Protein chains: 2
Amino acid sequence: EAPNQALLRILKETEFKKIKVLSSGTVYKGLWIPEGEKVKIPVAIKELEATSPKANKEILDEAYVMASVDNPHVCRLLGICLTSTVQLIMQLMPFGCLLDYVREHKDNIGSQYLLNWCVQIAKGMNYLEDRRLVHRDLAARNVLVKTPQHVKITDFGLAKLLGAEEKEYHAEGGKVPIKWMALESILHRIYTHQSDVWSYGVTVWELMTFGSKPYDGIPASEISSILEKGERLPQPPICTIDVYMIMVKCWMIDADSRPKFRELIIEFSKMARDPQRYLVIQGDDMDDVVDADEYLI
Amino acid sequence: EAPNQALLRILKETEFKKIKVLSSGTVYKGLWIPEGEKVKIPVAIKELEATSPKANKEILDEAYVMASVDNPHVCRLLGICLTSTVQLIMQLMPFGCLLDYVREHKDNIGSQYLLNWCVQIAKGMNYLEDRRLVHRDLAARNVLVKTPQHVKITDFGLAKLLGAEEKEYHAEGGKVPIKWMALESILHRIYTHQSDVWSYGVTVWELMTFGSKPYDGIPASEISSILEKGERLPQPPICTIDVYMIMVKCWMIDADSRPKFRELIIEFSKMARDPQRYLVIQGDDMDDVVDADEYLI
Ligand SMILES: Nc1ncnc2c1ncn2[C@@H]1O[C@H](COP(=O)(O)OP(=O)(O)NP(=O)(O)O)[C@@H](O)[C@H]1O
Ligand SMILES: Nc1ncnc2c1ncn2[C@@H]1O[C@H](COP(=O)(O)OP(=O)(O)NP(=O)(O)O)[C@@H](O)[C@H]1O
């Protein structure tokens, strides 16, 4: 119901430079140098290839959602460039997605890091709930790493802002990641902040298992059935009953019985105060470079 | 021009407990335990004594401003309690005001800390500028320490929100700290975000001198004259010309020539990247406790 006065910055092609590829849709690492600004901002540039009115339609919708959010735990969209193919310019997250990061650094990841990430993600998600936004694609692959102590939620490709009175969202078609979906979503294509909570649970499970694939080797087709019998992801070896209990609660069939993001922040913060009691792990020129987080135009 | 939909929480006397005195106006350290919430939030309680309709008028105005701000670098007001004397309930800042903190720890304060504080304060101030709010009392004594790596701006007792079209604020009477005021303020009682910048400068100078008193031993009466001749605070021994130049620019007579908070964030962030190049310093049961920063009701 309130007016979205967010600003959409249009960037000049000549203002930034692509330094190297980060993926191939294609994403580049590069630098944005606002003319006459005297700063160099590290960025990720997502361009996309053979122009399709359908594909341009999608990225503009993602740009719209990203331009409308502003929280320390949500990815910052710097602007867009209107070249043949529209490119999204974001803040560079040096360490990549969190799923790959826990896989690559298992042996160096302590309980303090795991719990802090859980807290940060819950803060980002609580913020989106406040903005009446439903992510619909929360997963460890969609959380990025600015620094090991600072992650942010990303990928607003499925995100849906809700209407003033719209309590839930009814999708129609389209492939949504099945292993991260609430049961009400799979069966009735219904999405809510509470279904994001369910995905929060899987995401935490992915982290606690250091990057394991949920329901590994189980046809997505069967998933709906497995969850109906009452089966759920198993307790990660490093998890105390306290942590697993939280995950399980995010997987309750009754959406309203699952925890609220604001509560997940409180619980995980408490545990983050004494990490070892909750997770048991063995061994526990760039002169003018300025991070986008410090560049407020 | 936009509606301030901030929420004002009214707290029950029985919900929190005063643990000890922090000052004597009187401020106590204590714990807030929202009934049936299962959390304990460390807080500062400011009560004030012999009820005066004039004094209650003032604190409610401070409560109003504090309830309307929400930024990581601005003090969080949890709520108020309507007892004989109205008490403001804030987040406890364990380490006290920054002025006393730099005085007490001179020998342990490195360049990295100094510059990071400068950045944080500029972020808090930039945020207030966005909220069209003029602090009017920025000083090292009015910046609090949550942790040595995290400070927040406080004391909204003089703060003034501006009208949709009100470009500046014309005070009438009242004692405002002279040694931290812009020249246009002292001479014409005019205040703006740009006059807050001037006070930002003095604040940075207080930090760089580890808590020295500005214009020490100089009758406040004379100040207006000194500043007119062109005199300003001296270059702190640890400051490179780069840092001092910034301070001096905040003390330009032409308000519009002084830097903007958004710029101060950029400059100090750059310096914070290689602290030693800019400041030269020799040697460079509480189970359910939850910080207010993690308690979002
Ligand atoms: N801001 C960023 N900084 C650094 N890396 C990023 C950033 N955004 C995305 N990436 C990475 O770029 C690659 C593609 O990201 P993305 O646009 O989410 O597509 P995807 O979900 O990874 N795969 P797909 O959906 O098939 O295109 C992945 O390695 C992302 O983690
Ligand atoms: N949230 C807080 N946490 C911890 N200490 C605080 C907090 N708020 C204020 N204080 C301290 O309580 C004392 C009084 O603060 P304050 O209400 O700003 O009055 P003051 O400016 O210090 N002196 P005065 O204006 O004469 O009452 C000082 O030590 C403050 O630093």
Side-chain angles (χ1 to χ4, degrees), chain A residues 1-7 33-34 36-42 70-73 115-116 118-131 149-150 242 259-274 277-278 285-297, chain B residues 1-7 33-34 36-42 70-73 115-116 118-131 149-150 242 259-274 277-278 285-297:
Chain A
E1 180 199 355
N4 182 348
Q5 306 189 58
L7 273 33
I33 313 179
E37 195 70 45
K38 193 64 166 61
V39 299
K40 298 180 189 176
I41 302 163
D70 179 35
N71 181 265
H73 302 291
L115 299 175
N116 286 339
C118 287
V119 168
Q120 292 179 15
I121 294 162
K123 291 188 174 183
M125 291 309 293
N126 180 67
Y127 167 82
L128 296 172
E129 176 164 0
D130 281 344
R131 296 297 283 75
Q149 41 281 309
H150 191 161
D242 304 69
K260 289 288 185 178
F261 282 117
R262 66 169 302 279
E263 304 175 330
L264 258 7
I265 297 173
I266 293 169
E267 292 311 313
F268 282 105
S269 292
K270 288 195 249 188
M271 297 183 308
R273 268 178 179 295
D274 185 9
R277 190 213 293 203
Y278 300 100
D285 179 89
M286 300 305 109
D287 246 29
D288 299 311
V289 177
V290 176
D291 189 80
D293 280 343
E294 283 63 57
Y295 184 76
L296 298 96
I297 179 65
Chain B
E1 180 199 355
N4 182 348
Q5 306 189 58
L7 273 33
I33 313 179
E37 195 70 45
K38 193 64 166 61
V39 299
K40 298 180 189 176
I41 302 163
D70 179 35
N71 181 265
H73 302 291
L115 299 175
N116 286 339
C118 287
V119 168
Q120 292 179 15
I121 294 162
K123 291 188 174 183
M125 291 309 293
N126 180 67
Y127 167 82
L128 296 172
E129 176 164 0
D130 281 344
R131 296 297 283 75
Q149 41 281 309
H150 191 161
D242 304 69
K260 289 288 185 178
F261 282 117
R262 66 169 302 279
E263 304 175 330
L264 258 7
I265 297 173
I266 293 169
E267 292 311 313
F268 282 105
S269 292
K270 288 195 249 188
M271 297 183 308
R273 268 178 179 295
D274 185 9
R277 190 213 293 203
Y278 300 100
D285 179 89
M286 300 305 109
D287 246 29
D288 299 311
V289 177
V290 176
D291 189 80
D293 280 343
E294 283 63 57
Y295 184 76
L296 298 96
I297 179 65

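Proteins get letters first, then strands, A, B, ... in listed order; numbering begins at 1 in each. Values below: all heavy atoms of this structure, side chains included; hydrogens, waters and symmetry mates excluded.
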Quiz prompt | Interface moiety of A/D287 toward chain B, non-hydrogen atoms closer than 4.5 Å | solution = both

Self-check item: Inter-residue atom distance A/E267.CD - B/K38.NZ, 0.5 Å rounding
Solution: 7.5 Å

Quiz item: If you draw a 6.0 Å radius around CG in A/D70, do more than 12 non-hydrogen atoms from other residues or ligands fall strictly inside?
Solution: no

Self-check item: Within residues 119-128 of chain B, residues adjacent to chain A where the heavy-atom gap is under 4.5 Å
Solution: B/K123, B/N126

Quiz item: Which of residues 288-297 of chain B have a heavy atom under 4.5 Å from any heavy atom of chain A?
Solution: B/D288, B/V289, B/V290, B/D291, B/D293, B/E294, B/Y295, B/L296, B/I297

Quiz item: Taking B/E263, B/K260, B/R277 one by one, which has the highest count of heavy-atom pairs under 4.5 Å against chain A?
Solution: B/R277

